[PDB]
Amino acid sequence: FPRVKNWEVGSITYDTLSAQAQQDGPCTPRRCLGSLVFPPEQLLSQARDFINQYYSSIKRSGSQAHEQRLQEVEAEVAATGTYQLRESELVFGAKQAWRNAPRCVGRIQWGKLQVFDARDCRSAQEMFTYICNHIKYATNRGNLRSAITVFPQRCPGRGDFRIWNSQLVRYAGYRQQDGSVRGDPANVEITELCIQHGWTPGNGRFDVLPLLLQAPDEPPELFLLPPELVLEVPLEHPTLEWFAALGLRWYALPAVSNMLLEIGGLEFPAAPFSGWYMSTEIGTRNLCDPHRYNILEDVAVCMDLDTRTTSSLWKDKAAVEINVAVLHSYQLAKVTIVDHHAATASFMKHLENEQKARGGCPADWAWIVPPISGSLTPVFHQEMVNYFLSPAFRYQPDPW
């Protein structure tokens, strides 16, 4: 069992939970690949295993309904080639997928998740109304609440439910008279899929893209989001009066709409989940990545920093203030947000809870460590073990 040390304190644990791993990862004894981003009847074995998880979690191994529920899935597959999850199981499976996500630093919250069941969804027009319920529920006038909406489980020989945008809220990416991009360059492609399918393109750096929702074996359909429902936060700095004039904004709800939820062998290619932001996601990655909004130099000129030499650490000063402006703005607007120090400190608490309950925790070091001030947070000093448990959120190819 892997020895795991915390170098701040000196304490040692052993990950016994690693023993239960399922889908082999990308690493071999020859070379480590942990820094890479995107590295019939067998349906029964994963179903048995998930049901066993459910019942031991509610202290129900060696019991009647446990014995009993094993047969129904047995019978359901035999008769139909698949099965339906009991509503409580879909609830328990969604939380466990969240809990097992190695790249999520906010899993201290995993037990509080609202599960919208859209398994009887029927059309793209129906998807949109579920999506719109979710958003308004999750947003909650800025007091954000974790939530996932679960669309029907994919079935053999018949189409898929899929959301085409990577998130429920994404800003446009327009290409210009010189090839380059006005707006968010992360979404250049889906902006061009949208302009294609009827959308009248704007000219702004912060235009909420229209959704593309896909009924099975039908082409995607454009849906505009009602602007009253897309809560957004204008960015301003508590003491840098000019920062507001840069016209920067970000949206309130982080809602990932391109990952595939897998519970007990069943695959849900449409299952958007949402929480609230950690401030470095907006202030550091989305605003300061060279291939995202790349605002770093503009803020530095405004601060009258010396940008002629790297050793003035003007990049570091400008980045810290951009993060300050994000935190201050969301707090002033009363939108739930958490800083990287509070977030990582809560995750160290999660790791400890998980050690007592399950004997370990799959964590991906490069993703848990924040992208500014790494070693100032306690996770930097924490050794971690990465591996795959089910149920899980998985990546999936693009439906085109």
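All residue numbers are counted from 1 along the displayed sequence. Only the largest set of C-alpha atoms that superpose within 1.5 Å between the two forms is called the rigid core.
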| query | finding |
| --- | --- |
| Stretch farther from the shown model on average in 8 other deposited structures of this protein, with CA RMS computed after core superposition (59-67, 341-349) | 59-67 |
| Between 93-101 and 70-78, the one whose CA atoms sit farther away in 8 other deposited structures of this protein (rigid core aligned) | 70-78 |
| Cross-entry absence of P29, a third or more of other PDB entries | no |
| Other compared entries missing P39, a third or more | yes |
| Deposited but uncoordinated residues in the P39/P40 interval | 10 or more |
| 149-157 set against 109-117, stretch whose average Cα temperature factor tops the other in the entry | 149-157 |
| Stretch with the greater mean C-alpha B-factor as recorded in the entry, comparing 304-312 against 176-184 | 176-184 |
| Out of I163, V320, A138, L231, residue topping the C-alpha B-factor column of the entry | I163 |
| Among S61, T28, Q331, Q355 - the residue whose C-alpha B-factor is largest in the record | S61 |
| Chain thirds of CA B-factor: placement of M278 | lowest |
| Cα B factor band for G264 (lowest, middle or highest third within the chain) | middle |
| Position of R249 among the chain's modelled residues by C-alpha B-factor, lowest, middle or highest third | middle |
| Chain-relative CA temperature factor third for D289 | lowest |
| Entry-reported Cα temperature factor of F223, expressed as the chain third it lands in | highest |
